[PDB]
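**Q** Shown below is the structure under consideration.
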Amino acid sequence: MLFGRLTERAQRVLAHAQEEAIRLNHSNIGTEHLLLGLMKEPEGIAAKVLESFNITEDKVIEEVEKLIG
Amino acid sequence: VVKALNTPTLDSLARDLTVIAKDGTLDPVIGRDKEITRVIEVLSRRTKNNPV
Amino acid sequence: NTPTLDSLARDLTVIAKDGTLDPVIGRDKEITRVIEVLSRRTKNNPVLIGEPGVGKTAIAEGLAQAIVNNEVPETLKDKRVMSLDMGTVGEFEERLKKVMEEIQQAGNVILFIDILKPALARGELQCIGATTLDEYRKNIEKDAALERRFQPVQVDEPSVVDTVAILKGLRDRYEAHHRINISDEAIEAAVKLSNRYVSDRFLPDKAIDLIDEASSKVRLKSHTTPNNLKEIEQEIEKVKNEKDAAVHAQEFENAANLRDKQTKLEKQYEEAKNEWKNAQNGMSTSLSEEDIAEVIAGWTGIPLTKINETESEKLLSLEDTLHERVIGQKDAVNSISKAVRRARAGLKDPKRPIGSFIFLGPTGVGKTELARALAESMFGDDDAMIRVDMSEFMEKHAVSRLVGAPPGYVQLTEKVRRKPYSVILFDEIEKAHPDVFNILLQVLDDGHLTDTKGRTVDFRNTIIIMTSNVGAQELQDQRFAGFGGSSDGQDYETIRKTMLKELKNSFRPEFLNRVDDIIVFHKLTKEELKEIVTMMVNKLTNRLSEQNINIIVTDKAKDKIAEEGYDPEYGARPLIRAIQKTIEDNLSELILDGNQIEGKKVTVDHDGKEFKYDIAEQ
Ligand SMILES: Nc1ncnc2c1ncn2[C@@H]1O[C@H](COP(=O)(O)OP(=O)(O)OP(=O)(O)O)[C@@H](O)[C@H]1O
């Protein structure tokens with residue numbers, strides 16, 4: 001039941017993570033890419049969770065870029 | 001996220017397998033397709049339809 | 001109403017009154033025999049003598065059912081049948097007295113069994129036995145009181161036509177369950193194939209056991225989705241999941257669109273299902289004869305290419321198969337080919353064995369190879385051969401081994417019972433106990449035997465071949481009798497007559513009268529071994545098909561290796577040793593050297609001193 005329950009936005013998050021992995025010259029799809037893929041989907045329920053917690057798009061990108069190499 | 005969001009006799013006297021398998025918790029049975037097909041072919045018959 | 005008898009045993013007339021089970025078919029003679037014996041003044045206790053599994057319970061079921069159908073005569077009219085199982089066996093003796101008293105008082109209760117001697121002496125109980133012959137001759141015959149009170153009745157498996165009638169009688173009971181249209185031609189093919197191979201549990205369970213997968217295969221193949229409904233069902237499921245997620249997301253703007261899409265997909269799925277089921281119902285589930293053959297191919301392991309035959313080209317291809325597997329000496333092949341077809345057609349007596357050939361000649365010529373080739377070309381199974389060595393059958397106590405252990409002490413009959421269609425081969429028949437010769441003569445004449453337990457084995461479909469080493473000294477003298485030649489130029493009939501004349505001196509004159517044809521093997525020459533080497537090379541290449549390696553051996557190497565172990569007495573035994581120690585020793589090292597010759601071509605050539613190996617592309 002891996003792909004039998006994912007919604008349309010769930011696959012969009014995975015596609016965003018996959019396309020961000022190529023640009024960052026990373027051969028491994030780590031957990032740091034799924035976070036970026038989720039942040040670029042302001043339509044899901046999780047979008048309201050981060051919006052209400054003063055979590056924007058530009059801050060998380062630089063915060064995760066600093067941690068990773 | 002929370003705030004922003006039938007034959008009952010046999011059910012209690014035994015355990016139901018397809019209910020748990022529906023939730024997607026059991027390990028996927030891989031490589032037993034031949035046995036599954038043999039069992040379903042044997043089971044679908046008027047006589048001698050109880051595979052062992 | 002005999003309440004005690006109705007509670008301590010199971011009543012059959014109540015079950016037969018409703019008729020929920022299939023009626024007893026093919027037992028129209030056993031019922032009449034039972035009702036005739038029960039009407040006799042003396043020996044009114046019939047016994048169902050027979051091996052378990054032949055349908056002894058069906059006889060009692062039919063006897064009980066005949067009461068409901070009003071087919072029993074006035075002697076057995078409106079009389080219930082009660083069966084007492086062996087699982088209810090002091091306090092035990094206190095119930096049977098009341099049961100027999102109730103039976104005597106009522107007068108319409110018929111006892112059935114699988115202390116009581118005074119009861120049977122006066123004939124107050126019309127019990128019907130169902131024990132096997134071995135127990136009947138061990139516990140009943142030893143008592144004189146029950147000897148004149150029980151009438152033995154022979155109950156065994158019916159005929160093939162009776163089995164066909166039984167299968168056709170219950171056709172509806174199988175066709176109405178899974179809605180399968182069983183063709184008439186499939187019944188006869190199924191009953192033929194079931195008796196051809198499955199002959200262990202007797203009738204009727206060895207013939208009705210084929211209809212469990214043959215029809216189910218086509219039923220399941222025609223019941224699947226041809227990539228039409230599965231995609232629509234997946235789309236419906238994903239739309240339903242998306243709609244549920246939207247409902248739980250408090251976003252009803254897309255809820256209407258999702259509901260409309262789900263309704264449209266449901267309508268499309270209903271239309272597709274209707275149009276598919278109309279097409280499916282437009283045709284019937286007819287059955288072919290190939291399904292039964294496929295099922296029996298997996299039941300016994302026999303390849304489908306052998307089972308799918310009309311039993312007409314097998315005789316023609318027997319000679320070709322024997323010539324291919326056995327190199328040279330076609331006289332024996334032609335002599336045995338003519339005799340087997342006469343018996344197969346029906347010219348020979350059906351009770352007598354099909355083949356009664358005798359193998360004669362020097363050792364190492366390949367008699368076992370010819371026997372295996374014949375068994376494969378006639379029955380299709382290489383391992384369906386039973387070999388009994390007469391070296392151990394030299395004393396008088398050895399005669400009680402192949403026929404079975406007599407009661408009081410604790411082979412061939414037991415093994416041949418499970419495989420009636422098997423080739424039987426014997427060795428050192430010239431040195432055996434005299435009683436074994438009498439047993440073999442009885443097999444060749446009568447066509448069947450009987451063990452100490454009373455069970456009758458079958459030898460009508462068995463081929464008996466006896467290998468004798470006597471007379472080998474005469475053949476070798478003829479080869480060297482004349483300089484520049486041998487006896488190969490002589491006619492085969494003259495040598496056969498001389499060997500037959502020399503054979504009857506040591507054996508019994510009447511023992512050789514049943515032999516269809518005397519088989520005499522020739523000698524191995526230089527040219528014969530060249531093709532044997534080629535056959536060995538071909539077999540080795542065939543055994544290396546998994547590694548995909550092509551091996552070719554030049555005729556020079558074959559000639560060089562043929563003379564390494566040339567000996568008429570040994571035969572072909574040194575050839576295998578020479579082949580294994582020359583080419584295979586180097587082949588194994590090349591295989592183990594990191595797949596050096598994997599997927600390549602290996603050439604064996606003899607330059608005069610050694611065997612140079614060439615490795616190139618394949
Ligand atoms: N023409 C032939 N082509 C190939 N192989 C042959 C040929 N003739 C004989 N052989 C081989 O000879 C071998 C001799 O072994 P086999 O056991 O058959 O001998 P036999 O002569 O029947 O004697 P025995 O009864 O003592 O075993 C056989 O295994 C067979 O492979």
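Identifiers for the structure tokens are assigned positionally: chains receive A, B, ... in sequence, residues are indexed from 1 per chain, and ligands are indexed from 1 in the order shown.
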Using backbone DSSP assignments, extract all helix (DSSP H, G or I) residues from chain B; output them as a list in words.

**A**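 Those residues are residues 8, 9, 10, 11, 12, 13, 17, 18, 19, 20, 21, 22, 23, 33, 34, 35, 36, 37, 38, 39, 40, 41, 42 and 43 of chain B.
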
**Q** If you run DSSP on this backbone, which residues of segment 2-234 of chain C come out as strand (DSSP E), and could you give them as a CSV table (one decimal) with N, CA, C and O atoms, in the first residue's frame?

**A**
chain,number,residue,atom,x,y,z
C,10,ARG,N,-25.2,-45.3,14.2
C,10,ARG,CA,-25.7,-44.3,13.2
C,10,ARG,C,-26.7,-45.0,12.3
C,10,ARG,O,-26.4,-46.0,11.7
C,11,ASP,N,-27.9,-44.4,12.1
C,11,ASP,CA,-28.9,-45.0,11.3
C,11,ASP,C,-28.8,-44.4,9.8
C,11,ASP,O,-28.6,-43.2,9.6
C,46,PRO,N,-24.4,-62.1,4.9
C,46,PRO,CA,-23.4,-61.8,3.8
C,46,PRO,C,-22.2,-61.0,4.4
C,46,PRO,O,-22.4,-60.2,5.3
C,47,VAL,N,-21.0,-61.2,3.8
C,47,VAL,CA,-19.8,-60.6,4.2
C,47,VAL,C,-19.2,-59.9,3.0
C,47,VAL,O,-19.0,-60.5,2.0
C,48,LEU,N,-18.9,-58.6,3.2
C,48,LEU,CA,-18.4,-57.8,2.1
C,48,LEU,C,-16.9,-58.0,2.0
C,48,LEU,O,-16.1,-57.2,2.6
C,49,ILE,N,-16.5,-59.1,1.4
C,49,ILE,CA,-15.1,-59.4,1.3
C,49,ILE,C,-14.4,-58.6,0.2
C,49,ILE,O,-14.8,-58.5,-0.9
C,80,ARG,N,-35.4,-51.2,8.4
C,80,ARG,CA,-34.3,-50.3,8.6
C,80,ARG,C,-32.9,-51.0,8.6
C,80,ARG,O,-32.9,-52.2,9.0
C,81,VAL,N,-31.9,-50.3,8.3
C,81,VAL,CA,-30.5,-50.8,8.3
C,81,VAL,C,-29.7,-49.9,9.3
C,81,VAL,O,-29.7,-48.7,9.2
C,82,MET,N,-29.1,-50.6,10.2
C,82,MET,CA,-28.2,-50.0,11.2
C,82,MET,C,-26.8,-50.5,11.1
C,82,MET,O,-26.6,-51.7,11.0
C,83,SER,N,-25.9,-49.6,11.1
C,83,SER,CA,-24.4,-49.9,11.1
C,83,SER,C,-23.8,-49.5,12.4
C,83,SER,O,-23.9,-48.3,12.8
C,109,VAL,N,-34.8,-54.8,11.9
C,109,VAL,CA,-33.5,-54.2,12.1
C,109,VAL,C,-32.4,-55.1,11.5
C,109,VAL,O,-32.3,-56.3,12.0
C,110,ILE,N,-31.6,-54.6,10.6
C,110,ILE,CA,-30.5,-55.4,10.0
C,110,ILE,C,-29.2,-54.8,10.5
C,110,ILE,O,-28.9,-53.7,10.3
C,151,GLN,N,-22.0,-66.1,4.9
C,151,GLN,CA,-21.8,-66.4,3.5
C,151,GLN,C,-20.9,-65.3,2.9
C,151,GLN,O,-21.3,-64.2,2.8
C,152,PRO,N,-19.7,-65.7,2.4
C,152,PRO,CA,-18.8,-64.7,1.8
C,152,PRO,C,-19.3,-64.2,0.5
C,152,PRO,O,-19.8,-65.0,-0.3
C,153,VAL,N,-19.2,-62.9,0.3
C,153,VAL,CA,-19.7,-62.2,-0.9
C,153,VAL,C,-18.5,-61.4,-1.5
C,153,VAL,O,-17.9,-60.7,-0.7
C,154,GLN,N,-18.2,-61.7,-2.7
C,154,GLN,CA,-17.0,-61.0,-3.4
C,154,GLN,C,-17.4,-59.6,-3.8
C,154,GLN,O,-18.2,-59.5,-4.8

**Q** Would you list the residues that come within 9 Å of ligand 1? Count only C-alpha atoms and all ligand atoms and give the answer as a ChimeraX atom specification.

**A** /C:323-329,359,361-372,427-428,467-469,524,528-529,531-536,570-573,575-576

**Q** Write the residues of the preceding selection, restricted to N, CA and C atoms, as a compact mmCIF listing (two decimals), in the first residue's frame.

**A**
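Below is the file that was written, result-v6.txt:
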# COMPACT_ATOMS: atom_id res chain seq x y z
N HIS C 323 16.58 -48.17 -32.09
CA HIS C 323 17.77 -47.98 -32.91
C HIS C 323 18.55 -46.74 -32.50
N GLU C 324 17.86 -45.70 -32.04
CA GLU C 324 18.55 -44.49 -31.62
C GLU C 324 19.28 -44.70 -30.30
N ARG C 325 18.62 -45.32 -29.32
CA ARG C 325 19.23 -45.50 -28.01
C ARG C 325 20.27 -46.61 -28.01
N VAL C 326 20.02 -47.69 -28.75
CA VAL C 326 20.92 -48.83 -28.82
C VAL C 326 21.53 -48.87 -30.21
N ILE C 327 22.86 -48.87 -30.28
CA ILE C 327 23.57 -48.81 -31.55
C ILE C 327 23.91 -50.23 -31.98
N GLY C 328 23.46 -50.61 -33.18
CA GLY C 328 23.75 -51.92 -33.73
C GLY C 328 22.80 -52.99 -33.21
N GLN C 329 22.94 -54.18 -33.80
CA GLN C 329 22.15 -55.35 -33.44
C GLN C 329 20.65 -55.07 -33.58
N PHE C 359 16.88 -62.79 -22.56
CA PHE C 359 18.12 -62.16 -23.00
C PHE C 359 19.28 -63.14 -22.85
N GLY C 361 23.52 -63.90 -24.24
CA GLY C 361 24.71 -63.34 -24.84
C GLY C 361 25.76 -62.98 -23.81
N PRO C 362 26.92 -62.51 -24.28
CA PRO C 362 28.00 -62.14 -23.36
C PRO C 362 27.65 -60.91 -22.54
N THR C 363 28.25 -60.83 -21.36
CA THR C 363 28.04 -59.69 -20.48
C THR C 363 28.71 -58.44 -21.05
N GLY C 364 28.15 -57.28 -20.71
CA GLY C 364 28.66 -56.02 -21.19
C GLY C 364 28.15 -55.58 -22.54
N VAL C 365 27.22 -56.32 -23.14
CA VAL C 365 26.69 -55.95 -24.45
C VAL C 365 25.65 -54.84 -24.34
N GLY C 366 25.03 -54.67 -23.18
CA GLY C 366 24.05 -53.61 -23.00
C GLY C 366 22.61 -54.10 -22.98
N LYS C 367 22.37 -55.25 -22.34
CA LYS C 367 21.01 -55.76 -22.22
C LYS C 367 20.15 -54.83 -21.37
N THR C 368 20.71 -54.30 -20.28
CA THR C 368 19.97 -53.37 -19.44
C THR C 368 19.65 -52.09 -20.20
N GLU C 369 20.57 -51.63 -21.06
CA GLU C 369 20.30 -50.46 -21.88
C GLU C 369 19.11 -50.70 -22.81
N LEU C 370 19.07 -51.87 -23.46
CA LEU C 370 17.95 -52.19 -24.34
C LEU C 370 16.65 -52.30 -23.56
N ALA C 371 16.70 -52.90 -22.36
CA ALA C 371 15.49 -53.00 -21.54
C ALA C 371 14.98 -51.63 -21.14
N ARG C 372 15.88 -50.73 -20.75
CA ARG C 372 15.47 -49.37 -20.38
C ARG C 372 14.91 -48.62 -21.59
N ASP C 427 17.80 -61.31 -13.28
CA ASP C 427 19.20 -61.60 -13.55
C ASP C 427 19.57 -62.94 -12.92
N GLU C 428 20.51 -63.63 -13.57
CA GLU C 428 21.00 -64.93 -13.12
C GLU C 428 19.85 -65.92 -12.94
N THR C 467 17.11 -62.53 -17.94
CA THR C 467 18.46 -62.50 -18.49
C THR C 467 19.25 -63.68 -17.95
N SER C 468 19.77 -64.50 -18.85
CA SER C 468 20.56 -65.67 -18.49
C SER C 468 21.94 -65.58 -19.13
N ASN C 469 22.97 -65.88 -18.34
CA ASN C 469 24.35 -65.83 -18.81
C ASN C 469 24.83 -67.16 -19.37
N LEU C 524 30.65 -56.84 -29.90
CA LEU C 524 31.04 -55.46 -30.10
C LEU C 524 32.32 -55.42 -30.93
N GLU C 528 31.60 -50.40 -33.89
CA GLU C 528 30.47 -50.17 -33.00
C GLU C 528 30.83 -49.23 -31.86
N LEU C 529 32.05 -49.34 -31.34
CA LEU C 529 32.49 -48.48 -30.24
C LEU C 529 32.69 -47.03 -30.66
N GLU C 531 30.70 -45.21 -32.52
CA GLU C 531 29.41 -44.56 -32.31
C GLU C 531 29.02 -44.51 -30.84
N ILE C 532 29.45 -45.48 -30.04
CA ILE C 532 29.21 -45.42 -28.60
C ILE C 532 29.94 -44.23 -27.99
N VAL C 533 31.18 -43.99 -28.43
CA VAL C 533 31.92 -42.82 -27.97
C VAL C 533 31.19 -41.54 -28.36
N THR C 534 30.67 -41.48 -29.59
CA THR C 534 29.93 -40.31 -30.04
C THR C 534 28.67 -40.10 -29.20
N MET C 535 27.96 -41.19 -28.88
CA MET C 535 26.78 -41.08 -28.03
C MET C 535 27.14 -40.57 -26.64
N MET C 536 28.25 -41.06 -26.08
CA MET C 536 28.69 -40.58 -24.77
C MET C 536 29.03 -39.09 -24.82
N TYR C 570 34.49 -57.71 -20.95
CA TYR C 570 34.05 -56.58 -20.14
C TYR C 570 32.90 -55.83 -20.80
N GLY C 571 32.97 -55.65 -22.12
CA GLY C 571 31.92 -54.93 -22.83
C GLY C 571 32.21 -53.45 -22.89
N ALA C 572 31.23 -52.64 -22.51
CA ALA C 572 31.35 -51.19 -22.54
C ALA C 572 31.75 -50.60 -21.19
N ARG C 573 32.02 -51.43 -20.19
CA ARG C 573 32.43 -50.91 -18.88
C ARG C 573 33.72 -50.10 -18.95
N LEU C 575 34.85 -48.35 -21.28
CA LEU C 575 34.67 -47.14 -22.08
C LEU C 575 34.33 -45.94 -21.20
N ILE C 576 33.45 -46.13 -20.22
CA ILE C 576 33.08 -45.03 -19.33
C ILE C 576 34.28 -44.57 -18.52

**Q** Using Å and a single decimal, report how far atom CA of residue 462 of chain C sits from atom CA of residue 411 of chain C.

**A**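 Answer for the atom CA of residue 411 of chain C to atom CA of residue 462 of chain C separation: 15.6 Å.
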
**Q** Fewer than 4 positions away in the same chain doesn't count, so skip those; otherwise give me all residues within 10 Å of residue 41 of chain A, counting only C-alpha atoms, as an MDAnalysis selection string.

**A** chainID A and resid 9:10 12:13 16 36:37 45:47

**Q** Save out the residues we just selected, C-alpha atoms, as a compact mmCIF listing (two decimals), in the first residue's frame.

**A**
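Here's the written file result.txt:
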# COMPACT_ATOMS: atom_id res chain seq x y z
CA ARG A 9 0.13 16.35 -3.54
CA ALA A 10 2.04 13.44 -1.99
CA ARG A 12 4.20 16.24 -6.06
CA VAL A 13 6.26 16.35 -2.85
CA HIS A 16 9.98 18.13 -5.86
CA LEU A 36 12.00 21.01 0.93
CA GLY A 37 9.49 19.12 -1.21
CA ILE A 45 -3.19 20.55 5.34
CA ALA A 46 0.45 20.62 6.45
CA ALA A 47 0.81 24.02 4.76

**Q** What's the 8 Å shell around segment 210-212 of chain C, counting only C-alpha atoms, without same-chain residues fewer than 5 positions away, as a ChimeraX atom specification?

**A** /B:42,45-49 /C:190,194,292,295-296

**Q** Using N, CA and C atoms, can you write the selected residues to a file as a tab-separated table (two decimals), in the first residue's frame?

**A**
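Now in result.tsv:
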chain	number	residue	atom	x	y	z
B	42	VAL	N	-7.45	-25.33	-6.66
B	42	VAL	CA	-7.99	-26.51	-5.99
B	42	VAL	C	-9.29	-26.16	-5.27
B	45	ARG	N	-13.80	-25.97	-6.83
B	45	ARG	CA	-14.28	-27.21	-7.43
B	45	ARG	C	-15.40	-27.77	-6.57
B	46	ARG	N	-16.29	-28.54	-7.20
B	46	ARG	CA	-17.37	-29.19	-6.47
B	46	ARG	C	-16.84	-30.30	-5.58
B	47	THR	N	-15.98	-31.15	-6.12
B	47	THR	CA	-15.43	-32.29	-5.39
B	47	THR	C	-13.93	-32.11	-5.20
B	48	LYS	N	-13.44	-32.50	-4.02
B	48	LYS	CA	-12.03	-32.42	-3.66
B	48	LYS	C	-11.51	-30.99	-3.81
B	49	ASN	N	-12.08	-30.10	-3.00
B	49	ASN	CA	-11.76	-28.68	-3.02
B	49	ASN	C	-11.27	-28.19	-1.66
C	190	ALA	N	-10.91	-39.08	-19.63
C	190	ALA	CA	-10.55	-39.00	-18.22
C	190	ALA	C	-10.53	-40.38	-17.57
C	194	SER	N	-7.14	-42.01	-16.06
C	194	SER	CA	-7.09	-42.29	-14.63
C	194	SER	C	-6.68	-43.74	-14.37
C	292	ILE	N	-7.38	-32.77	-19.05
C	292	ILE	CA	-7.18	-34.00	-18.29
C	292	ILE	C	-5.75	-34.51	-18.49
C	295	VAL	N	-3.43	-32.37	-16.44
C	295	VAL	CA	-3.53	-32.68	-15.02
C	295	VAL	C	-2.80	-33.98	-14.70
C	296	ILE	N	-3.00	-35.01	-15.52
C	296	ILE	CA	-2.34	-36.29	-15.26
C	296	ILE	C	-0.84	-36.20	-15.53

**Q** Counting only C-alpha atoms, what is within 12 Å of residue 56 of chain A, bar same-chain residues fewer than 6 positions away, as an MDAnalysis selection string?

**A** chainID A and resid 36 38:42 47:50 62:63

**Q** Generate the output file for the selected residues, N, CA, C and O atoms, as a short mmCIF file (atom, residue, chain, number, x, y, z; two decimals), in the first residue's frame.

**A**
data_model
loop_
_atom_site.label_atom_id
_atom_site.label_comp_id
_atom_site.auth_asym_id
_atom_site.auth_seq_id
_atom_site.Cartn_x
_atom_site.Cartn_y
_atom_site.Cartn_z
N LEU A 36 12.08 19.98 1.96
CA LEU A 36 12.00 21.01 0.93
C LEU A 36 10.84 20.73 -0.03
O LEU A 36 10.16 21.66 -0.48
N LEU A 38 8.04 19.28 0.74
CA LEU A 38 6.80 19.61 1.43
C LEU A 38 6.59 21.12 1.55
O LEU A 38 5.44 21.58 1.49
N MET A 39 7.66 21.89 1.73
CA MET A 39 7.53 23.33 1.88
C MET A 39 7.03 24.01 0.62
O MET A 39 6.47 25.11 0.71
N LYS A 40 7.22 23.40 -0.55
CA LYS A 40 6.80 23.98 -1.82
C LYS A 40 5.42 23.49 -2.26
O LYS A 40 5.12 23.47 -3.46
N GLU A 41 4.58 23.08 -1.31
CA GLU A 41 3.22 22.62 -1.60
C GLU A 41 2.27 23.34 -0.65
O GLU A 41 1.81 22.77 0.35
N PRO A 42 1.95 24.62 -0.94
CA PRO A 42 1.07 25.41 -0.06
C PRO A 42 -0.42 25.18 -0.32
O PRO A 42 -1.21 26.12 -0.39
N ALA A 47 0.44 22.64 5.06
CA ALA A 47 0.81 24.02 4.76
C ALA A 47 0.30 24.97 5.84
O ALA A 47 1.00 25.92 6.21
N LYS A 48 -0.91 24.73 6.35
CA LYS A 48 -1.44 25.57 7.42
C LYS A 48 -0.69 25.38 8.72
O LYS A 48 -0.58 26.31 9.52
N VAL A 49 -0.16 24.17 8.96
CA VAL A 49 0.56 23.91 10.21
C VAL A 49 1.83 24.75 10.27
O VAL A 49 2.12 25.37 11.30
N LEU A 50 2.59 24.79 9.18
CA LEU A 50 3.81 25.59 9.17
C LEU A 50 3.50 27.08 9.07
O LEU A 50 4.25 27.90 9.61
N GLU A 62 17.40 28.05 3.66
CA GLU A 62 18.75 28.38 4.11
C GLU A 62 19.14 27.60 5.36
O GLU A 62 20.31 27.22 5.50
N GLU A 63 18.19 27.34 6.26
CA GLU A 63 18.50 26.58 7.46
C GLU A 63 18.93 25.16 7.13
O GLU A 63 19.87 24.63 7.74
#

**Q** Using only C-alpha atoms and a cut-off of 8 Å, which residues of chain C sit close to chain B? Please list them as number ranges by chain.

**A** C: 174, 177-178, 209, 211-213, 216-217, 220, 248-250

**Q** Select from chain A every residue with an atom at most 8 Å from any atom of chain C, then for each give the shortest pair of atoms and their distance in Å to one decimal, using only C-alpha atoms, rows by chain and rising number, as CSV.

**A**
residue,atom,partner,partner_atom,distance
A:4,CA,C:238,CA,7.3
A:5,CA,C:241,CA,7.1
A:7,CA,C:242,CA,6.5
A:45,CA,C:249,CA,6.8

**Q** Print the selection's residues with N, CA, C and O atoms to a file, as a compact mmCIF listing (two decimals), in the first residue's frame.

**A**
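So the final result, stored in selection02.txt, reads:
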# COMPACT_ATOMS: atom_id res chain seq x y z
N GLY A 4 -0.61 3.11 -3.31
CA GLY A 4 -2.05 3.00 -3.35
C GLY A 4 -2.80 3.94 -2.44
O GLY A 4 -4.03 3.95 -2.46
N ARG A 5 -2.09 4.73 -1.64
CA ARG A 5 -2.72 5.68 -0.73
C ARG A 5 -2.20 7.10 -0.87
O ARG A 5 -2.82 8.02 -0.32
N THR A 7 -1.74 10.75 -2.13
CA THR A 7 -2.58 11.68 -2.87
C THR A 7 -1.77 12.34 -3.99
O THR A 7 -0.59 12.05 -4.19
N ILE A 45 -2.88 20.22 3.95
CA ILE A 45 -3.19 20.55 5.34
C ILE A 45 -1.93 20.95 6.09
O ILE A 45 -1.95 21.85 6.94
